[PDB]
**Student:** 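First the structure, then my questions, so here it is.
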There are 2 protein chains.
Amino acid sequence: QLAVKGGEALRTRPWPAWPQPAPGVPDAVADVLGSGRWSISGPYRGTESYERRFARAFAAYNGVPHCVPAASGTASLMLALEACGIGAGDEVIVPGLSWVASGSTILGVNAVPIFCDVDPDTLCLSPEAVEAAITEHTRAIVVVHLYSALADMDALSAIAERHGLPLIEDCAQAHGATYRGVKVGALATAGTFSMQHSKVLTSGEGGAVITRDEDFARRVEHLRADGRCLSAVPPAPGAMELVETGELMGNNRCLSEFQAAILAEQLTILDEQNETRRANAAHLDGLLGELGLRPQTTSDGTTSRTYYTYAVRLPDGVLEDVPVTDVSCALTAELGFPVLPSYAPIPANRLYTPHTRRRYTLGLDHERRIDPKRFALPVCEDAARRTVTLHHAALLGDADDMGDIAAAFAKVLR
Amino acid sequence: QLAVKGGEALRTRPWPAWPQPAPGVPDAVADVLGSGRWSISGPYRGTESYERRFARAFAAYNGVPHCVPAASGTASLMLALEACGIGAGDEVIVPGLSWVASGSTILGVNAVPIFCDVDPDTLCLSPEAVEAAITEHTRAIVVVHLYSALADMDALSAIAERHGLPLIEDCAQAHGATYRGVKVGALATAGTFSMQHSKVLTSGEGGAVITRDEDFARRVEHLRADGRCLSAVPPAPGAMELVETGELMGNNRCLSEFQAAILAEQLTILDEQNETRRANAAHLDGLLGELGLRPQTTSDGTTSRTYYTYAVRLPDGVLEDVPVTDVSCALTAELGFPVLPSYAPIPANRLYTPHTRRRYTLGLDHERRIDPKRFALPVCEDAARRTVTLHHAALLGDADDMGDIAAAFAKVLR
Ligand SMILES: Cc1ncc(COP(=O)(O)O)c(CN[C@@H]2C[C@H](N)[C@@H](O)[C@H](O)[C@H]2O)c1O
Ligand SMILES: Cc1ncc(COP(=O)(O)O)c(CN[C@@H]2C[C@H](N)[C@@H](O)[C@H](O)[C@H]2O)c1O
């Protein structure tokens, strides 16, 4: 009966393509091609760079005054980290359940990630877990709005404010979502974004840092352009717009003109796309609830959700002896679309191997601190055993598609 | 009479635009747009990624079996360093005279850069300096083919081999140059490239690592894709092509498909554009020689030069107490094209401030070793005080263009 064991698939036809190119992209790219400036680090040519146009637009969209575009969400994390003053030996609190980059970025600026457990329904950083993990070395909190949920920002902001800690929102999986009507990434110290391929807003690769703090964005600017930042006023044509101010050392984490032009165009269809997903997901939550599955929920205070990924936990007492990879494999086969397990908890992820990397060999104390064996994360581990996920391309079709998703799940439950 | 001092400029006509888009780009990009895969970290869709196409193109272009593309010349360096096993506290020998990233990339893997003086005429890393600077802590040598010159690679390889030290060629400023017939970056352990805007091969932002060691490439691969590597053979369509091997922890420094596609197109005309620059530079060498200027020279054995930038030392006993910035500012106003001082030596570069980044505060002994105040680089200092430069866009025009350059020099020199 099951396709994985040679049965008939329920469905094999294609799902929606991703990404969906916005209509203005080829013109915007053509204009870049002819501009005589393909990165911000090239000389001023008399008009505004697409790096700036995008920054302006993305800032406006998130309802903040500052944005610094960047090469990747990995870069965005690291820039935001270092702009908070985070450095060698500082503890950064992070959720245990996220893509591996959530741990490796902290490592990459020589800080010590302090993996904290997550809420069992939303899978976002547990505030109770955060308070318990604060030490005298703690210097930042990173919160991920994971898959389709927002974290409990009222509680987290409360803990950050009390302790005098910056709170960074990693919105790689949440673009355009809103908590109490404020766009996610505009609620705390700084917001951080991926525009990698799979993300709801994408240029194949990219990122951004957003903030309400001018000095913060200025530090970020230095950190992404080798200690340079854009002049207040444009210079004459042929002169560098990035000035060697040298307030703070940096590296190059710049976003190309091509990618900036692409994101500006993709941004104009973002909300429409998120509406399509949102509606389909509302439909699915119902169908899957009827089967005893528990979809991921969102924190109280959330006013709109962005579905980067649909995550749903299997019903208690069903397939409890079958490894999730098998379950997810059988679903994949019925559906014609990947259905994958939840991320492993980071300290148990085979991709997280800091002792293999000589960059991090900083002597015994630091090696003890960053040893991932120190972290047990009951909720993350359970979620990893029990929760499967679908990428959001699956939410971009018809209401009928949701029926297929439910049919596959029902089939596999027997 | 000087334009800068109120007078009439010599030239106001515009100079060649840069970058020059290759004719296949729009179609290439449109192909990306509709492909359903905008990065390598997106699932496989039944055809080769542009990342693979460019990679294979650039490997073959350089005479070597392996190429791993990357997000920038900065990433490329850091990838190469970690793939040599460089980590915390290791010393890496580097030239004193180069863009600041040559220093900060080393710092970023927690290593201790050891700036060494250069050859007074080629401005490239001096063999004697390198030999003098070796210690039991040295774990690599990085050499830069600076501006338009190639280093003495036979001399450098010989020192590398004697000491059992890997030798990385930073070829950011030398795409397609050849030493004794062999493509630059194919001469030692690994070659790193920047495709930033201003470089001769560009996608606004981009880079590559090339090597003939398959294991080394595999390590680079892991290091750029968060501990993942492309499968030996493609998976089924819809499956991830990057596989979580667990062999080696990494970070995201992937290059987007859009950039990959652009670089594959721009590769097809690189040789022709290099020929143009070459002929203009030859002719300009003579003209500037007749004024007592000394053009940058290249190492014996160079079989062809890539001009990323035309560098030239001012004549001895002439303007010999006017700041270089002042001379370079005067030439610019005469030429309607930017002419700039050489790089400062990195330890004296205001962009180079380790003390400003708490990331590096690893302890007293480390902090002292990475203090740039420890260094003395007399040749770098002298060249920086007397050398001015023109980006290679100047070299893309006529012989009349070369005469304008000479005629600006002539005029400034009184
Ligand atoms: C919460 C969060 N924080 C930072 C990042 C890092 O963003 P990037 O450097 O753009 O990859 C991501 C990206 N995460 C994705 C996750 C995906 N499973 C993987 O295949 C992909 O390469 C990566 O872009 C994330 O989800
Ligand atoms: C020898 C060498 N090694 C590594 C790099 C680093 O490459 P990227 O990360 O691509 O900038 C460069 C680039 N250097 C350039 C130099 C230029 N003056 C500056 O305005 C520009 O932003 C930068 O890309 C280099 O020349």
Side-chain angles (χ1 to χ4, degrees), chain A residues 32 35-45 48-56 58 66-80 82-83 192-196 203-210 217-231 240-246 248-264, chain B residues 18-19 69-79 99-101 104-105 108 172 192-199 201-208 224 251-256 258-260 262-263 351:
Chain A
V32 173
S35 58
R37 188 182 193 191
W38 286 7
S39 174
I40 198 76
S41 45
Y44 190 67
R45 296 275 104 111
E48 200 193 7
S49 74
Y50 283 83
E51 192 268 11
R52 280 302 102 206
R53 292 178 203 191
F54 175 61
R56 167 155 66 269
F58 197 57
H66 312 299
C67 169
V68 185
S72 61
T74 299
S76 300
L77 280 172
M78 292 192 296
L79 299 163
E82 296 195 56
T192 255
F193 300 79
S194 182
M195 308 345 164
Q196 183 264 354
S203 56
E205 291 284 333
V209 184
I210 77 178
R218 192 182 176 84
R219 291 197 297 278
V220 170
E221 263 213 75
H222 282 76
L223 288 159
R224 68 82 167 82
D226 290 287
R228 303 174 291 180
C229 67
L230 293 160
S231 41
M240 291 286 277
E241 191 173 23
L242 297 169
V243 170
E244 311 195 337
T245 39
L248 162 72
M249 257 201 85
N251 316 83
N252 173 30
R253 263 69 127 85
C254 295
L255 191 58
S256 88
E257 291 290 282
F258 294 106
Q259 292 154 285
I262 290 165
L263 294 178
Chain B
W18 184 252
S72 59
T74 301
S76 290
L77 279 161
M78 282 172 86
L79 293 169
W99 173 241
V100 61
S104 49
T105 54
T192 69
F193 298 75
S194 170
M195 321 327 181
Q196 178 272 350
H197 160 83
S198 83
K199 311 279 125 33
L201 178 72
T202 191
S203 53
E205 291 295 321
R224 63 88 164 83
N251 297 80
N252 177 22
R253 291 114 132 72
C254 302
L255 180 69
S256 82
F258 292 105
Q259 292 149 274
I262 291 161
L263 289 171
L351 304 178

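Note on naming: letters A, B, ... go to the chains in the order of the sequence lines (proteins, then strands), and numbering restarts at 1 for each one. Keep in mind that the numbers below use all heavy atoms, side chains included, and drop hydrogens, waters and symmetry copies.
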**Student:** With a 4.5 Å cut-off on side-chain heavy atoms, are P19(B) and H197(B) touching?
**Tutor:**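 Heavy-atom side-chain distance check passes, below 4.5 Å.
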
**Student:** Report yes or no: does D226(A) contribute a side-chain atom to a donor-acceptor pair with the main-chain N or O of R228(A) at less than 3.5 Å?
**Tutor:** no

**Student:** With rounding to the nearest 0.5 angstrom, report the NZ to CZ distance, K199(B) to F193(B).
**Tutor:** 13.0 Å

**Student:** Please round to the nearest 0.5 Å and tell me the distance separating atom CD1 of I210(A) and atom CZ of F58(A).
**Tutor:** 6.0 Å

**Student:** Can you confirm whether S41(A) sits close enough to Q196(B) that some side-chain heavy atom of one is under 4.5 Å from a side-chain heavy atom of the other?
**Tutor:**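 They are in side-chain contact.
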
**Student:** Mark yes or no for whether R53(A), through its side chain, and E48(A), through its backbone, hold a donor-acceptor pair below 3.5 Å.
**Tutor:** yes

**Student:** Hey, are the side chains of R224(A) and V209(A) touching, using non-hydrogen atoms and a 4.5 Å cut-off?
**Tutor:** no

**Student:** Decide yes or no for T192(B) and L79(B): does some side-chain heavy atom of the first lie under 4.5 Å from some side-chain heavy atom of the second?
**Tutor:**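 Result no, sub-4.5 Å side-chain heavy-atom pair not found.
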
**Student:** Between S39(A) and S256(A), is there a donor-acceptor pair closer than 3.5 Å when you use the side chain of the first and the backbone of the second?
**Tutor:** no

**Student:** Is any side-chain heavy atom of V243(A) closer than 4.5 Å to a side-chain heavy atom of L230(A)?
**Tutor:** no

**Student:** I'd like to know if the side chain of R37(A) and the backbone of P43(A) have a donor-acceptor N/O pair within less than 3.5 Å.
**Tutor:**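 Side chain of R37(A) to backbone of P43(A): a pair is present.
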
**Student:** Specify the closest pair of heavy atoms between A260(A) and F54(A), including all atoms of both residues, with the distance to one decimal.
**Tutor:**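 Result for this residue pair: O-CB, 3.8 Å.
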
**Student:** Got a second to check how far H66(A)'s NE2 is from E221(A)'s CD, nearest 0.5 Å?
**Tutor:**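 Going from the NE2 atom of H66(A) to the CD atom of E221(A) covers 10.5 Å.
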
**Student:** Which pair of heavy atoms, one from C67(A) and one from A208(A), lies closest together, and at what distance?
**Tutor:**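 Where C67(A) meets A208(A) most closely, the heavy atoms are SG-CB, 4.0 Å.
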
**Student:** Tell me, do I262(B) and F258(A) make a side-chain contact under 4.5 Å, heavy atoms counted?
**Tutor:**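 Answer yes - side chains close enough.
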
**Student:** Specify the closest pair of heavy atoms between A225(A) and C254(A), including all atoms of both residues, with the distance to one decimal.
**Tutor:** CB-SG, 4.2 Å

**Student:** Looking at side-chain heavy atoms only, is the closest gap between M78(B) and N251(A) below 4.5 Å?
**Tutor:**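 When only atoms from C-beta onward are counted, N251(A) and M78(B) do not touch, as no gap falls below 4.5 Å.
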
**Student:** If only atom types and distance count, is the side chain of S198(B) paired as donor or acceptor with the main-chain N or O of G42(A) below 3.5 Å?
**Tutor:**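 Checked: no pair found.
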
**Student:** To the nearest 0.5 Å, what is the distance between OG on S49(A) and CD1 on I40(A)?
**Tutor:** 3.0 Å

**Student:** Quick check: do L351(B) and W99(B) have side-chain heavy atoms less than 4.5 Å from each other?
**Tutor:**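 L351(B) vs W99(B): side chains touch.
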
**Student:** Tell me if a side-chain donor or acceptor on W38(A) pairs with a main-chain N or O of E205(B) at a distance below 3.5 Å.
**Tutor:** no

**Student:** Check the side chains of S72(B) and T74(B) for a donor-acceptor pair under 3.5 angstrom, ignoring hydrogens and angles.
**Tutor:** no

**Student:** Quick one, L255(A) with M195(A), criterion side chain to side chain contact (heavy atoms under 4.5 Å, CB included). Give me CA distance, side-chain angles, the key distance, then yes/no.
**Tutor:** CA-CA 11 Å; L255(A) 191 58; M195(A) 308 345 164; over 6 Å; no

**Student:** Nearest 0.5 Å, please: how far is CG in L223(A) from CG in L248(A)?
**Tutor:**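 It comes to 4.5 Å.
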
**Student:** Would you mind checking if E241(A) and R52(A) are paired as a salt bridge, meaning a charged N to carboxylate O distance below 4.0 Å?
**Tutor:**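 Not counted as a salt bridge, because no side-chain N and carboxylate O are separated by less than 4.0 Å.
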
